[PDB]
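Residue strings, one per chain:
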Amino acid sequence: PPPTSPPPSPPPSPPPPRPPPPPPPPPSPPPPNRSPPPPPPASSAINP
Amino acid sequence: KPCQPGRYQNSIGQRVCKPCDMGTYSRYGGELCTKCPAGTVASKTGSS
């Protein structure tokens, strides 16, 4: 007699998930303001 | 009278001496505060 009909192919395995990425570094801080403003020479007396 | 170390003045005829910037030293007087030379640190404002 002929052999029994083979059974159909079985389903494939489930896939794994993916992790999330870490937070990026903060922006570099700005440098301080460019020098002090020119100072006043000062004047008058301030006397009594 | 010369500004005591730890302060500076950059204008002729100023009664008050401004405090030196943080991370900077000053000698007796000085028109401008000279930053720490090379591998050192002041770690305080108006340090001598």
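In the PDB header, cryo-EM is given as the technique by which the entry was determined, and 3.9 Å as its resolution.

A. Molecular detail of the overall build of chain A. Each helix and strand in chain A was counted, giving zero helices and zero strands. Considering only C-alpha atoms, chain A reaches an extent of 135 × 20 × 10 Å along its principal axes.

B. Expanded view of the state of the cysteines. Residue and element names in this part refer to chain B. Per the counting criterion, the structure on display carries two disulfides over all chains. Each disulfide pairs two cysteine sulfurs, and for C20 the partner residue is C33, the sulfurs being separated by 2.0 Å. Here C20 and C33 share a disulfide; its torsion about the S-S bond, -90 degrees, makes the bridge left-handed. Taken as a pair, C20 in the loop between β2 (18–19) and β3 (24–25) and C33 in the loop between β3 and β4 (34–35) lie far apart in primary sequence, 13 residues in all. Its relative accessible area of 1% is what places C20 among the buried residues.

C. Examining the packing of aromatic side chains more closely. All chains considered together, the criterion is met by zero aromatic pairs over all chains. In this structure, B:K18 is placed above the aromatic ring of B:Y8, and the distance from its NZ or CZ to the ring centre is 5.8 Å.

D. Here's a closer look at the side chain of B:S11. The topology assignment puts B:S11 in the loop between β1 (7–8) and β2. Among the polar contacts listed, one links the side chain of B:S11 to the backbone oxygen of A:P39, at a separation of 3.5 Å. Once you skip the residues sitting within four places of it in the chain, B:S11 turns out to touch A:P39, A:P40 and A:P41.

Conventions we followed
- Residues numbered from 1 in each chain as written, not as in the entry; some residues may be left out.
- Chains lettered and ligands numbered in written order.
- Part of a larger assembly, values for the part shown.
- Heavy atoms only, no water.
- Residues with missing side-chain atoms left out of burial classes, pairs and counts.
- Helix = DSSP H or I, 4+ residues; strand = E, 2+ residues; numbered from the N terminus.
- Disulfide = S-S within 2.5 Å.
- Buried < 20%, exposed > 50% of the residue type's maximum accessible area, 1.4 Å probe, protein only.
- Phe/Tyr/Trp six-rings, centres within 6.5 Å; stacked < 30°, edge-to-face > 60°.
- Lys NZ or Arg CZ within 6 Å of the ring centre and 35° of its normal.
- Polar contact = N/O pair within 3.5 Å; in protein donor to acceptor, adjacent residues only side chain to side chain.
- Contact = heavy atoms within 4.5 Å.

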